[PDB]
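What follows is a single structure, written as structure tokens, with notes after it.
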Amino acid sequence: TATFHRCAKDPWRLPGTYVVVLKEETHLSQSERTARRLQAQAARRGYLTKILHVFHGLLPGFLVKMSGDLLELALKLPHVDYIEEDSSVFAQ
Amino acid sequence: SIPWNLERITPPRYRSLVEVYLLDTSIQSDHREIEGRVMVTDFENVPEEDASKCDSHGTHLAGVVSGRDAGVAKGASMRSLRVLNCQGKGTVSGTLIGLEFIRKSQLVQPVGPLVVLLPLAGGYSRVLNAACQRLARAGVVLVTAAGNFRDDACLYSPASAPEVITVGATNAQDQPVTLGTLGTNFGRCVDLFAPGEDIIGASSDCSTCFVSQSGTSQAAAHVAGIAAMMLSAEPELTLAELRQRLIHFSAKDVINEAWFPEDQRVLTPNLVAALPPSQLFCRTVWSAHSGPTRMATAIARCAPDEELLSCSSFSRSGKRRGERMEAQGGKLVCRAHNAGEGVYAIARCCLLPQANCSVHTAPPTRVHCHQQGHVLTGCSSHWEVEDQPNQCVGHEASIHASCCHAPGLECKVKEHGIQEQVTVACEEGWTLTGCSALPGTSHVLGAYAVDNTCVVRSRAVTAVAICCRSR
Amino acid sequence: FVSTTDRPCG
Ligand SMILES: [Ca+2]
């Protein structure tokens, strides 16, 4: 049920930084557990990850600096709703 | 000695407790245009760059919003978040963490109505549209720029976001800003246009100097100021209520639609923003196109506190199967059926208090809203095979009348049968609630409302407009 | 129009 998304304007993509978005009803301590669970299993595979920020107040989730290789692993984490690659915004 | 843009948003008749957040570059907060009125939060989330240039974009825009001499809403309080770096560049993640900071600021030290200006754009983002949406259902007014790419604004964020006012730009001759392959964005995701070319504002070169800049964020800046003044005269306004007033008080039918691609001219509203001088409000909503199947439905929907009084459809082809009003999630919704090139669903979304509305689906001298005191606000019509005030007329077709119980509401039905395009408009003071086509000697491909004008397109055709007032 | 958004306008 959890899906991945990334910007279509290809030169605006920002690979390596991902916005993990959990389901509506997820609590902040659940979101932090889920985010550290990612680093836990990514460390087992010899990948280093950095949780840059954990969200709460508008949407539940977190922002992780990691390889895209871990995207199958991250999609299967509990509570995960969708993941989106970070991308560039510009002054208008 | 009055800048063209400030005169344009002045109505033809004309006679604080709101805060305005701004997310972009750094700001020269001690510029005499904006000095004292602009608290720099010093929040910062900007990517690494791959000094007077750093704050040029945001200084100008804070000046357009509240500058002392060249601002729209002088005396508006502003707070500044840095999300774009010195090259005008930012990230979606930076903008989420920024929007999140605003909401948590508002929970920790509440104030009056909030107007967040988003003078930025990237490609369509699921996550950024969700955040603007959930911030808007919390009660915060978000105003955004349509985009600078002469494109469909639905392909960009937060321009395409649900529940954000998206603003495109126009210049001093009431035409869309276009510059080669660059220019204002357009389409069903643009709510209105505002002055955005040759806009004079505070220049980050000196504390006293001015510059002229262009952009859909300059257009957005006029509207954030118009909304800031609007929200101080009436702080209780919901966002549905504000957007209806923004549309109502705009200048209508001044833009030269020939500057837009042919297929986007119906989808793009011909509105140029204006302040209120010193009622039944309706706006037309266009659907995300359905598809090329013969079993194909597109859906246009109204705001949560917005009633749906009519529903129609438009097929560029002609081969259409009509439209119908259906309840979904507890809300009236408009759904258009394809035969088939594809179809749009054109909903008429109105703001009516003290009114219960209901759909009555029956064949076509019968009356559909026979309940005494109820008004007929709009008539829909759909069929399966391809071959008198409170009454809907048809041909083999199933009718979907929408009938509201409303005390002050008064409704009259104007018609006009005649060719490519037939029009009939409600008289001044009435609001068009429903627009429908009556068939005849010509196949009709669609009927849609344009402010208070009912427009039916055919290839004998009768336009049928339902107009309502208060008393 | 300006680079922060250098051609002229009107
Ligand atoms: Ca919009």
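Numbering starts fresh at 1 for the residues of each chain in the structure tokens, the chains themselves are lettered A, B, ... in the order given, and ligands are numbered from 1 as they appear.
Proximal residues of ligand 1 are residues 159, 160, 161, 162, 163, 164, 165, 166, 188, 189, 190 and 191 of chain B, by a cut-off of 8 Å on only C-alpha atoms and all ligand atoms.
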With a distance threshold of 9 Å and counting only C-alpha atoms, extract the residues of chain B near chain A and express them as a PDB file with C-alpha atoms, in the first residue's frame.
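Written out: selection01.pdb:
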ATOM      1  CA  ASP B  24      11.724  32.972   0.794  1.00  0.00           C
ATOM      2  CA  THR B  25      15.117  34.654   0.841  1.00  0.00           C
ATOM      3  CA  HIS B  57      13.489  38.817  -3.914  1.00  0.00           C
ATOM      4  CA  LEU B  84      15.445  30.171  -0.502  1.00  0.00           C
ATOM      5  CA  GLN B  87      20.455  32.043  -5.788  1.00  0.00           C
ATOM      6  CA  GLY B  88      16.699  32.029  -5.180  1.00  0.00           C
ATOM      7  CA  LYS B  89      16.804  28.257  -4.637  1.00  0.00           C
ATOM      8  CA  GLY B  90      15.220  26.107  -1.910  1.00  0.00           C
ATOM      9  CA  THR B  91      13.866  22.594  -1.291  1.00  0.00           C
ATOM     10  CA  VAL B  92      10.488  21.040  -0.619  1.00  0.00           C
ATOM     11  CA  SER B  93      11.836  19.665   2.669  1.00  0.00           C
ATOM     12  CA  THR B  95       9.466  24.458   2.820  1.00  0.00           C
ATOM     13  CA  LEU B  96       7.769  21.718   4.840  1.00  0.00           C
ATOM     14  CA  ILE B  97       9.943  22.411   7.902  1.00  0.00           C
ATOM     15  CA  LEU B  99       5.344  25.565   7.133  1.00  0.00           C
ATOM     16  CA  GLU B 100       5.587  23.277  10.154  1.00  0.00           C
ATOM     17  CA  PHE B 101       7.382  26.061  12.044  1.00  0.00           C
ATOM     18  CA  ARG B 103       1.861  26.162  12.623  1.00  0.00           C
ATOM     19  CA  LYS B 104       3.812  25.428  15.804  1.00  0.00           C
ATOM     20  CA  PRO B 119       6.307  33.053  -3.409  1.00  0.00           C
ATOM     21  CA  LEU B 120       7.978  29.891  -4.673  1.00  0.00           C
ATOM     22  CA  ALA B 121       7.300  26.917  -6.930  1.00  0.00           C
ATOM     23  CA  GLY B 122       8.612  23.538  -7.891  1.00  0.00           C
ATOM     24  CA  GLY B 123       7.166  20.585  -9.733  1.00  0.00           C
ATOM     25  CA  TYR B 124       3.969  18.946  -8.498  1.00  0.00           C
ATOM     26  CA  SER B 125       4.709  17.530  -5.047  1.00  0.00           C
ATOM     27  CA  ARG B 126       2.461  15.109  -3.200  1.00  0.00           C
ATOM     28  CA  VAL B 127       4.042  16.043   0.128  1.00  0.00           C
ATOM     29  CA  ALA B 130      -0.598  17.662   1.535  1.00  0.00           C
ATOM     30  CA  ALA B 131       1.103  20.071   3.957  1.00  0.00           C
ATOM     31  CA  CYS B 132      -0.515  23.193   2.492  1.00  0.00           C
ATOM     32  CA  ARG B 134      -3.581  20.241   6.217  1.00  0.00           C
ATOM     33  CA  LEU B 135      -2.375  23.718   7.153  1.00  0.00           C
ATOM     34  CA  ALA B 145       2.392  32.045  -7.032  1.00  0.00           C
ATOM     35  CA  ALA B 146       1.112  30.250 -10.136  1.00  0.00           C
ATOM     36  CA  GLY B 147       4.558  29.815 -11.718  1.00  0.00           C
ATOM     37  CA  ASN B 148       6.746  31.577 -14.291  1.00  0.00           C
ATOM     38  CA  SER B 157       3.542  23.098  -6.224  1.00  0.00           C
ATOM     39  CA  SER B 214       8.217  40.947 -12.295  1.00  0.00           C
ATOM     40  CA  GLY B 215       6.877  37.575 -11.251  1.00  0.00           C
ATOM     41  CA  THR B 216       3.875  35.502 -10.262  1.00  0.00           C
ATOM     42  CA  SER B 217       5.076  36.005  -6.696  1.00  0.00           C
ATOM     43  CA  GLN B 218       4.614  39.751  -7.287  1.00  0.00           C
TER      44      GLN B 218
END
Subject >> Per-residue DSSP, chain A, filtered to strand (DSSP E or B), as an NGL selection string >> reply: :A and (3-5 or 13-22 or 50-55 or 61-65 or 80-91)
Could you turn the residues from that selection into a file that holds N, CA, C and O atoms, as a short mmCIF file (atom, residue, chain, number, x, y, z; two decimals), in the first residue's frame?
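This is the output file part13.cif:
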data_model
loop_
_atom_site.label_atom_id
_atom_site.label_comp_id
_atom_site.auth_asym_id
_atom_site.auth_seq_id
_atom_site.Cartn_x
_atom_site.Cartn_y
_atom_site.Cartn_z
N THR A 3 3.63 3.86 -1.27
CA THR A 3 4.12 4.17 -2.61
C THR A 3 5.23 5.21 -2.55
O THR A 3 5.39 5.94 -1.56
N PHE A 4 6.02 5.26 -3.63
CA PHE A 4 7.15 6.18 -3.78
C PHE A 4 6.85 7.17 -4.89
O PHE A 4 6.18 6.84 -5.87
N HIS A 5 7.36 8.39 -4.72
CA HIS A 5 7.10 9.47 -5.66
C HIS A 5 8.35 10.32 -5.80
O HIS A 5 9.13 10.46 -4.86
N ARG A 13 15.17 17.24 -9.36
CA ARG A 13 15.26 16.20 -8.35
C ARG A 13 16.43 16.45 -7.40
O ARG A 13 17.41 17.12 -7.74
N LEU A 14 16.34 15.91 -6.18
CA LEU A 14 17.43 15.97 -5.21
C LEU A 14 17.67 14.60 -4.59
O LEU A 14 17.37 14.37 -3.42
N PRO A 15 18.25 13.67 -5.35
CA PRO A 15 18.42 12.30 -4.84
C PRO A 15 19.25 12.25 -3.56
O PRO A 15 20.11 13.09 -3.32
N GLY A 16 18.96 11.24 -2.74
CA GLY A 16 19.69 11.00 -1.51
C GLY A 16 19.03 11.53 -0.25
O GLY A 16 19.44 11.15 0.86
N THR A 17 18.04 12.40 -0.38
CA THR A 17 17.26 12.92 0.74
C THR A 17 15.80 12.65 0.47
O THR A 17 15.28 13.04 -0.58
N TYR A 18 15.13 11.99 1.42
CA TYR A 18 13.78 11.48 1.22
C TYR A 18 12.87 11.93 2.35
O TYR A 18 13.29 12.00 3.51
N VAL A 19 11.62 12.23 2.00
CA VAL A 19 10.60 12.61 2.98
C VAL A 19 9.71 11.39 3.21
O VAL A 19 8.81 11.10 2.42
N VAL A 20 9.97 10.67 4.30
CA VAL A 20 9.10 9.57 4.73
C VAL A 20 7.86 10.15 5.39
O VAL A 20 7.95 10.84 6.41
N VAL A 21 6.69 9.85 4.82
CA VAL A 21 5.40 10.34 5.31
C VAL A 21 4.60 9.15 5.80
O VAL A 21 4.26 8.25 5.02
N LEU A 22 4.30 9.13 7.10
CA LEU A 22 3.53 8.08 7.74
C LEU A 22 2.04 8.41 7.67
O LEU A 22 1.63 9.46 7.18
N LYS A 50 21.07 9.45 8.08
CA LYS A 50 20.95 10.57 9.01
C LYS A 50 19.50 11.06 8.97
O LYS A 50 19.04 11.55 7.93
N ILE A 51 18.79 10.88 10.08
CA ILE A 51 17.49 11.51 10.31
C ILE A 51 17.75 13.01 10.49
O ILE A 51 18.35 13.43 11.48
N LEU A 52 17.32 13.82 9.52
CA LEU A 52 17.60 15.25 9.57
C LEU A 52 16.53 16.05 10.30
O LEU A 52 16.78 17.20 10.67
N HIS A 53 15.35 15.46 10.51
CA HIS A 53 14.18 16.15 11.03
C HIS A 53 13.03 15.16 11.10
O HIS A 53 12.86 14.35 10.19
N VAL A 54 12.23 15.22 12.17
CA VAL A 54 11.05 14.38 12.34
C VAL A 54 9.82 15.28 12.38
O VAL A 54 9.79 16.26 13.14
N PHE A 55 8.82 14.96 11.58
CA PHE A 55 7.67 15.84 11.41
C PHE A 55 6.54 15.48 12.36
O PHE A 55 6.35 14.32 12.74
N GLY A 61 5.88 12.04 10.07
CA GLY A 61 6.92 11.47 9.25
C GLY A 61 8.27 12.05 9.60
O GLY A 61 8.43 12.67 10.65
N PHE A 62 9.23 11.85 8.71
CA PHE A 62 10.58 12.34 8.99
C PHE A 62 11.32 12.51 7.68
O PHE A 62 10.85 12.12 6.61
N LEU A 63 12.50 13.12 7.78
CA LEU A 63 13.32 13.45 6.63
C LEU A 63 14.67 12.77 6.82
O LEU A 63 15.35 13.02 7.82
N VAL A 64 15.04 11.91 5.88
CA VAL A 64 16.19 11.02 6.05
C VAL A 64 17.16 11.20 4.88
O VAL A 64 16.75 11.31 3.72
N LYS A 65 18.45 11.26 5.22
CA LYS A 65 19.54 11.33 4.24
C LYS A 65 20.12 9.94 4.10
O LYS A 65 20.77 9.43 5.02
N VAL A 80 4.10 3.40 7.34
CA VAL A 80 4.53 4.21 6.21
C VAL A 80 3.39 4.38 5.21
O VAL A 80 2.70 3.41 4.85
N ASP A 81 3.18 5.61 4.76
CA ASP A 81 2.10 5.99 3.87
C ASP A 81 2.59 6.31 2.46
O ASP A 81 2.01 5.84 1.48
N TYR A 82 3.65 7.10 2.35
CA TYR A 82 4.37 7.26 1.09
C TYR A 82 5.71 7.92 1.38
O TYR A 82 5.94 8.49 2.44
N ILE A 83 6.61 7.80 0.42
CA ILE A 83 7.92 8.41 0.49
C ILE A 83 8.11 9.23 -0.77
O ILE A 83 7.66 8.84 -1.85
N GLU A 84 8.72 10.39 -0.63
CA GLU A 84 8.94 11.27 -1.76
C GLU A 84 10.36 11.81 -1.73
O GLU A 84 10.81 12.34 -0.71
N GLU A 85 11.06 11.66 -2.85
CA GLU A 85 12.39 12.23 -2.99
C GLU A 85 12.32 13.75 -2.89
O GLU A 85 11.40 14.39 -3.42
N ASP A 86 13.29 14.33 -2.20
CA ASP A 86 13.33 15.78 -2.08
C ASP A 86 13.63 16.39 -3.44
O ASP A 86 14.28 15.78 -4.29
N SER A 87 13.13 17.61 -3.65
CA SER A 87 13.35 18.29 -4.92
C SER A 87 13.47 19.79 -4.68
O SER A 87 13.22 20.30 -3.59
N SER A 88 13.85 20.50 -5.74
CA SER A 88 14.18 21.91 -5.64
C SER A 88 12.94 22.77 -5.86
O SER A 88 12.09 22.46 -6.70
N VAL A 89 12.85 23.86 -5.10
CA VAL A 89 11.88 24.91 -5.37
C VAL A 89 12.65 26.18 -5.70
O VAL A 89 13.82 26.33 -5.33
N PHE A 90 11.99 27.08 -6.42
CA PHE A 90 12.64 28.27 -6.94
C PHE A 90 11.80 29.51 -6.65
O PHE A 90 10.57 29.43 -6.57
N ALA A 91 12.48 30.64 -6.49
CA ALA A 91 11.79 31.91 -6.28
C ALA A 91 10.99 32.28 -7.51
O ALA A 91 11.48 32.17 -8.63
#
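Residues of chain A that DSSP, applied to the backbone, places in helix (DSSP H, G or I): residues 10, 11, 12, 28, 29, 30, 31, 32, 33, 34, 35, 36, 37, 38, 39, 40, 41, 42, 43, 44, 68, 69, 70, 71, 72, 73, 74 and 75 of chain A.
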**OP:** With a distance cut-off of 10 Å and only C-alpha atoms, select the neighbouring residues of residue 236 of chain B, excluding the residue or stretch itself and same-chain residues fewer than 4 positions from it, and output the selection as a list in words.
**Re:**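 Everything that qualifies: residues 112, 113, 231, 232, 241 and 242 of chain B.
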Pull N, CA and C atoms from the residues just selected and write them as a PDB file, in the first residue's frame.
ATOM      1  N   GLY B 112      -4.178  36.514  15.542  1.00  0.00           N
ATOM      2  CA  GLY B 112      -5.368  36.638  14.741  1.00  0.00           C
ATOM      3  C   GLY B 112      -5.301  35.741  13.529  1.00  0.00           C
ATOM      4  N   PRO B 113      -6.053  36.098  12.495  1.00  0.00           N
ATOM      5  CA  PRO B 113      -5.955  35.373  11.227  1.00  0.00           C
ATOM      6  C   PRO B 113      -4.533  35.403  10.679  1.00  0.00           C
ATOM      7  N   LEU B 231      -9.127  40.416   5.776  1.00  0.00           N
ATOM      8  CA  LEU B 231      -9.253  39.687   7.029  1.00  0.00           C
ATOM      9  C   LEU B 231      -9.227  40.579   8.262  1.00  0.00           C
ATOM     10  N   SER B 232      -8.883  41.858   8.130  1.00  0.00           N
ATOM     11  CA  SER B 232      -9.014  42.769   9.257  1.00  0.00           C
ATOM     12  C   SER B 232     -10.394  43.408   9.318  1.00  0.00           C
ATOM     13  N   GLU B 241     -14.877  31.504   2.361  1.00  0.00           N
ATOM     14  CA  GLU B 241     -15.482  32.829   2.294  1.00  0.00           C
ATOM     15  C   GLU B 241     -14.533  33.849   1.678  1.00  0.00           C
ATOM     16  N   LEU B 242     -13.249  33.776   2.013  1.00  0.00           N
ATOM     17  CA  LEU B 242     -12.298  34.743   1.476  1.00  0.00           C
ATOM     18  C   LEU B 242     -12.148  34.594  -0.029  1.00  0.00           C
TER      19      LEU B 242
END
Subject >> Contact residues (chain C, partner chain B, 7 Å, only C-alpha atoms) as a PyMOL selection string >> reply: chain C and resi 1-2+4-5+9-10
Original post:
Quick one: residues within 8 Å of residue 412 of chain B, only C-alpha atoms counted, chain neighbours fewer than 6 positions away excluded, as a ChimeraX atom specification?
Top reply: /B:389,466-468
**OP:** Please provide as a list in words all residues within 10 Å of residue 111 of chain B, with the sequence filter that same-chain residues fewer than 4 positions apart are discarded (counting only C-alpha atoms).
**Re:** residues 17, 18, 19, 105, 106 and 107 of chain B
Subject >> residue 361 of chain B surroundings by only C-alpha atoms, 9 Å radius, close-in-sequence under 2 positions cut, as a list in words >> reply: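 So, after excluding close chain neighbours, the residues are residues 324, 325, 359, 363, 368, 380, 398, 399, 400, 401 and 402 of chain B.
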Take the residues just selected and output them with N, CA, C and O atoms as a PDB file, in the first residue's frame.
ATOM      1  N   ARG B 324     -24.103  14.562 -13.524  1.00  0.00           N
ATOM      2  CA  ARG B 324     -25.078  14.295 -12.477  1.00  0.00           C
ATOM      3  C   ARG B 324     -24.485  14.645 -11.118  1.00  0.00           C
ATOM      4  O   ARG B 324     -23.271  14.569 -10.913  1.00  0.00           O
ATOM      5  N   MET B 325     -25.364  15.025 -10.196  1.00  0.00           N
ATOM      6  CA  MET B 325     -24.978  15.393  -8.843  1.00  0.00           C
ATOM      7  C   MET B 325     -25.216  14.208  -7.913  1.00  0.00           C
ATOM      8  O   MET B 325     -26.322  13.658  -7.869  1.00  0.00           O
ATOM      9  N   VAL B 359     -30.644  16.865  -3.864  1.00  0.00           N
ATOM     10  CA  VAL B 359     -30.745  16.478  -5.272  1.00  0.00           C
ATOM     11  C   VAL B 359     -32.015  15.660  -5.492  1.00  0.00           C
ATOM     12  O   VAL B 359     -32.350  14.789  -4.682  1.00  0.00           O
ATOM     13  N   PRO B 363     -37.311  11.982 -14.317  1.00  0.00           N
ATOM     14  CA  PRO B 363     -37.387  12.327 -15.755  1.00  0.00           C
ATOM     15  C   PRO B 363     -37.874  13.753 -15.956  1.00  0.00           C
ATOM     16  O   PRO B 363     -38.254  14.436 -14.992  1.00  0.00           O
ATOM     17  N   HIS B 368     -39.748  19.654  -9.999  1.00  0.00           N
ATOM     18  CA  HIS B 368     -38.894  18.736  -9.262  1.00  0.00           C
ATOM     19  C   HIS B 368     -38.812  19.094  -7.783  1.00  0.00           C
ATOM     20  O   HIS B 368     -38.864  18.201  -6.927  1.00  0.00           O
ATOM     21  N   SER B 380     -29.159  19.328 -13.890  1.00  0.00           N
ATOM     22  CA  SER B 380     -28.186  18.495 -14.583  1.00  0.00           C
ATOM     23  C   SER B 380     -28.910  17.442 -15.416  1.00  0.00           C
ATOM     24  O   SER B 380     -30.123  17.255 -15.302  1.00  0.00           O
ATOM     25  N   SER B 398     -32.161  11.493 -18.087  1.00  0.00           N
ATOM     26  CA  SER B 398     -32.478  11.540 -16.668  1.00  0.00           C
ATOM     27  C   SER B 398     -31.950  12.846 -16.082  1.00  0.00           C
ATOM     28  O   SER B 398     -30.792  13.213 -16.309  1.00  0.00           O
ATOM     29  N   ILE B 399     -32.796  13.540 -15.328  1.00  0.00           N
ATOM     30  CA  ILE B 399     -32.516  14.885 -14.836  1.00  0.00           C
ATOM     31  C   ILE B 399     -32.097  14.806 -13.375  1.00  0.00           C
ATOM     32  O   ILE B 399     -32.577  13.945 -12.630  1.00  0.00           O
ATOM     33  N   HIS B 400     -31.188  15.691 -12.962  1.00  0.00           N
ATOM     34  CA  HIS B 400     -30.757  15.797 -11.565  1.00  0.00           C
ATOM     35  C   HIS B 400     -30.890  17.249 -11.124  1.00  0.00           C
ATOM     36  O   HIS B 400     -29.948  18.034 -11.240  1.00  0.00           O
ATOM     37  N   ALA B 401     -32.053  17.602 -10.601  1.00  0.00           N
ATOM     38  CA  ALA B 401     -32.238  18.938 -10.067  1.00  0.00           C
ATOM     39  C   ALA B 401     -31.614  19.038  -8.682  1.00  0.00           C
ATOM     40  O   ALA B 401     -31.622  18.075  -7.911  1.00  0.00           O
ATOM     41  N   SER B 402     -31.053  20.207  -8.375  1.00  0.00           N
ATOM     42  CA  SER B 402     -30.622  20.520  -7.019  1.00  0.00           C
ATOM     43  C   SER B 402     -31.543  21.594  -6.464  1.00  0.00           C
ATOM     44  O   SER B 402     -31.664  22.675  -7.047  1.00  0.00           O
TER      45      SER B 402
END
Subject >> Shell of 10 Å around residue 41 of chain A, only C-alpha atoms, local chain residues under 6 positions omitted, as a list in words >> reply: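 Near residue 41 of chain A, the qualifying residues are residues 47, 70, 73 and 74 of chain A.
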Can you write just those residues out, N, CA, C and O atoms, as an mmCIF file, in the first residue's frame?
data_model
loop_
_atom_site.group_PDB
_atom_site.id
_atom_site.type_symbol
_atom_site.label_atom_id
_atom_site.label_comp_id
_atom_site.auth_asym_id
_atom_site.auth_seq_id
_atom_site.Cartn_x
_atom_site.Cartn_y
_atom_site.Cartn_z
ATOM 1 N N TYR A 47 24.889 0.563 5.497
ATOM 2 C CA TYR A 47 24.541 1.886 5.001
ATOM 3 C C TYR A 47 24.445 2.840 6.181
ATOM 4 O O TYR A 47 23.869 2.490 7.221
ATOM 5 N N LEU A 70 17.715 1.885 -0.163
ATOM 6 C CA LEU A 70 16.950 1.482 1.001
ATOM 7 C C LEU A 70 15.460 1.729 0.827
ATOM 8 O O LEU A 70 14.696 1.519 1.772
ATOM 9 N N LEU A 73 13.263 -1.195 1.524
ATOM 10 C CA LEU A 73 13.269 -1.430 2.961
ATOM 11 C C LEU A 73 12.374 -0.426 3.677
ATOM 12 O O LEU A 73 11.607 -0.793 4.577
ATOM 13 N N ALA A 74 12.442 0.844 3.263
ATOM 14 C CA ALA A 74 11.697 1.913 3.917
ATOM 15 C C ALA A 74 10.207 1.858 3.598
ATOM 16 O O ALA A 74 9.383 2.262 4.423
#
Original post:
Separation of atom CA of residue 457 of chain B and atom CA of residue 422 of chain B, in Å?
Top reply: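 These two atoms are separated by 6.5 Å.
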Subject >> Pairwise distance for atom CA of residue 349 of chain B and atom CA of residue 243 of chain B, rounded to one decimal in Å >> reply: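 Atom CA of residue 243 of chain B lies at a distance of 11.4 Å from atom CA of residue 349 of chain B.
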